[PDB]
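Residue numbers (PDB author numbering), protein chains in the order written: chain P, 933 to 936; chain P', 933 to 936; chain A, -4 to 231; chain A', -4 to 231. A prime marks a further copy of an entry chain. Notes for the one structure printed next.
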Amino acid sequence: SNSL
Amino acid sequence: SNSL
Amino acid sequence: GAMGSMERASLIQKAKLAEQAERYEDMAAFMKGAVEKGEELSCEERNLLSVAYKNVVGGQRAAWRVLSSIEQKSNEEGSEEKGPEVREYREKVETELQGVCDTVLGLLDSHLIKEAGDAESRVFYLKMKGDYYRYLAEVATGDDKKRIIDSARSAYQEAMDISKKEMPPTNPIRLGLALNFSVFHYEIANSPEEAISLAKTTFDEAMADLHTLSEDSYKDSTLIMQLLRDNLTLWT
Amino acid sequence: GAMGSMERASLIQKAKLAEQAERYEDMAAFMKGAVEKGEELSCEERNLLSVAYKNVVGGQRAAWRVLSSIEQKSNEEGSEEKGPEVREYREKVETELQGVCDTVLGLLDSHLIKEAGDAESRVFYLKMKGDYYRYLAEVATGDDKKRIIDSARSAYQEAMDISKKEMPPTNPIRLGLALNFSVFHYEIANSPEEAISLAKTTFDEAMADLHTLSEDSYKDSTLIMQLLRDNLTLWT
Ligand SMILES: [Ca+2]
Ligand SMILES: [Ca+2]
Ligand SMILES: [Ca+2]
Ligand SMILES: [Ca+2]
Ligand SMILES: [Ca+2]
Ligand SMILES: [Ca+2]
Ligand SMILES: [Cl-]
Ligand SMILES: [Cl-]
């Protein structure tokens, strides 16, 4: 998953 | 210039 | 602190130089020194603080993941015993990572959050508190794992409550908070459905508010919206 | 030293783990600890030592170049005075870089070089001595710049003399030494013609010896030959  |  | 003798403005100037030089450990030390001057931080200064520590902890997290993967493979059947070195070195990186998270959490608790009254600063700091508790949760295994997870959740939830009341749905701070809280749900809290629902609702409410924005604000908001979409594509 | 209590084999194992995790400062500290055990290093261990410090100093050199460029622009006419911070921070990075070079040079002098009798180890260490004096020369400006340059030249020259007598022209250590000595001539010694001549002669003599090599050795040698060609293309 991509966080900021 | 490129070194090793 | 070793930065106690340097002017606040000089610390900020050097943090910007460190960023250009990709010296993120230096950048974080300069910004820690600036926070410890005791004055509130401007928007730009908050972003420097976040960029510095995000890069420091990002390197530690990447190294921890490499070492953890090696350690778990050593515990698979048929694996040759290599002694304590992999565990020792993973523990070394883990302890350093925990120390950085504790440092950031300490700055937030003494005293950035308590003096932050505007929505933009308060949401920013509470999101950071959620993020650093989240990084602690990624490596936690002991008596406190549950409490670390709840600390992350509580900080994110307070940030969400303020953001929903005080900021438009396209505000980049609000969007980045929702993005990271959705990652918390998916990766930490074993709640993929909550993660997907939050990402979808955040994206759709932002979509409907884009018409109010200038070209530059539109670019800022849509960049973060794309990260929400990238996660939804990965998760569904 | 902080590694004095760790087994030699454990230090080497951890240096390899640090490399996989891209933790090059840790890698260098582990390899320094291994050298300080006092035993000679194997070929693989020499390469771990070189990789670790090359990455550490490479990050420092890149940061130093960024800061030096900013500092020189601040001295151009029309430039706004910003105070001492750029110079101070460039000096900080420079001092750290010099400290790393001094550490490597200290390991070579106490006592890696004096115990290295085989051509492969002795040439490797003398090349390293030339390289670290070269990195010191890149930042030198004072009473000793000339002596630092001559120290690099002398180490490279002794390495070249041994390599020419004891190794074939395709030997990768010999080729990498000639590559770096040619860079010394071009970048440090204000001798571009010597740099070009050395690179050309090294390339041509290696070309003529490739027929003696296995497929794997051929790949090793031609990779370094391509770097010589890349420089010749840049320089002519
Ligand atoms: Ca002051
Ligand atoms: Ca306030
Ligand atoms: Ca508002
Ligand atoms: Ca022993
Ligand atoms: Ca010997
Ligand atoms: Ca030989
Ligand atoms: Cl360790
Ligand atoms: Cl400084």
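All residues carry an ideal CB built from backbone N, CA and C; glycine is no exception.
Contact with chain P' by residue i, beta-carbon distance below 9 Å
i         : result
A':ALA111 : no
A':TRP59  : no
A':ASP126 : yes
A':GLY171 : yes
A':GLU182 : yes
Residue-chain proximity (residue i, chain A), Cβ-Cβ < 9 Å
i                       : result
A':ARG3                 : no
A':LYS32                : no
A':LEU62                : yes
residue 232 of chain A' : Because chain A' in this structure spans residues -4 to 231, residue 232 of chain A' falls outside the shown range and cannot be described.
A':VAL88                : yes
A':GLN8                 : yes
A':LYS77                : yes
A':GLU161               : no
A':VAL81                : yes
residue 247 of chain A' : Past the edges of chain A', shown from -4 to 231, lies residue 247 of chain A', and the structure says nothing about it.
Ligand 4 heavy atom lying under 8 Å from the CB of residue i
i       : result
A':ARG3 : yes
Interface flag, residue i vs chain A', CB-CB below 9 Å
i        : result
A:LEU12  : yes
A:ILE157 : no
A:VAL99  : no
A:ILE65  : yes
Rounded C-alpha distance that separates residue i from residue j
i         : j         : result
A':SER63  : A':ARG85  : 7 Å
A':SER149 : A:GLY94   : 45 Å
A':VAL30  : A':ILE183 : 29 Å
P':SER933 : A':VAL81  : 27 Å
A':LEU44  : A':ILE191 : 29 Å
P':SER935 : A':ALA10  : 24 Å
A':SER5   : A':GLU17  : 18 Å
A':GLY33  : A:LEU229  : 52 Å
A':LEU107 : A':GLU2   : 19 Å
A':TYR130 : A':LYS124 : 10 Å
A:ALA(-3) : A':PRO187 : 45 Å
A':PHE198 : A':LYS140 : 31 Å
A':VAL51  : A':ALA111 : 24 Å
A':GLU40  : A':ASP138 : 36 Å
A':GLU76  : A:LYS109  : 37 Å
A':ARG224 : A':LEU121 : 24 Å
A:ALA154  : A:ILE144  : 16 Å
A:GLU20   : A:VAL134  : 21 Å
A':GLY73  : A:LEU12   : 20 Å
A':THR217 : A':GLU189 : 22 Å
A:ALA203  : A:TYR181  : 25 Å
Distance cut-off 8 Å: residue i Cβ against heavy atoms of ligand 3
i        : result
A:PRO163 : yes
Interface flag, residue i vs chain P, CB-CB below 9 Å
i        : result
A:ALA16  : no
A:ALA147 : no
A:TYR19  : no
A:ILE219 : yes
A:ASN175 : yes
Residue i CB to nearest heavy atom of ligand 2 below 8 Å
i        : result
A:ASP104 : no
A:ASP138 : no
A:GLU40  : no
Integer Cβ distance of residue i from residue j, believed to fall under 8 Å
i         : j         : result
A':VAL99  : A':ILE157 : So it is not a contact: roughly 20 Å between Cβ atoms.
A':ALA47  : A':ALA23  : 4 Å
A:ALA147  : A:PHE179  : 6 Å
A':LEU227 : A':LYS195 : 7 Å
A:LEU92   : A:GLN55   : 4 Å
A:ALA173  : A:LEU193  : 6 Å
A':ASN175 : A':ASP126 : 6 Å
A:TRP59   : A:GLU83   : Contact flag wrong, Cβ pair sits at about 13 Å.
A:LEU102  : A:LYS27   : 7 Å
A:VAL61   : A':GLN15  : 6 Å
Proximity test, residue i beta-carbon vs ligand 7 heavy atom, cut-off 8 Å
i        : result
A':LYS9  : yes
A:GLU86  : yes
A':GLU20 : no
A:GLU80  : yes
Any non-hydrogen atom of ligand 8 within 8 Å of residue i CB
i        : result
A:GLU17  : no
A:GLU83  : no
A:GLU189 : no
Residue i beta carbon near ligand 5 (any heavy atom closer than 8 Å)
i         : result
A':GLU110 : yes
A':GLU115 : no
A':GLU72  : no
A':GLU35  : yes
Closer than 8 Å: residue i CB and nearest ligand 6 heavy atom
i       : result
A:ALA24 : no
Given 8 Å as the limit, is there contact between the stretch 208 to 224 of chain A and the stretch 154 to 168 of chain A, that is, 3 or more CB pairs closer than that?
-> Three or more Cβ pairs drawn from the stretch 208 to 224 of chain A and the stretch 154 to 168 of chain A lie within less than 8 Å of each other, which places the two stretches in contact.
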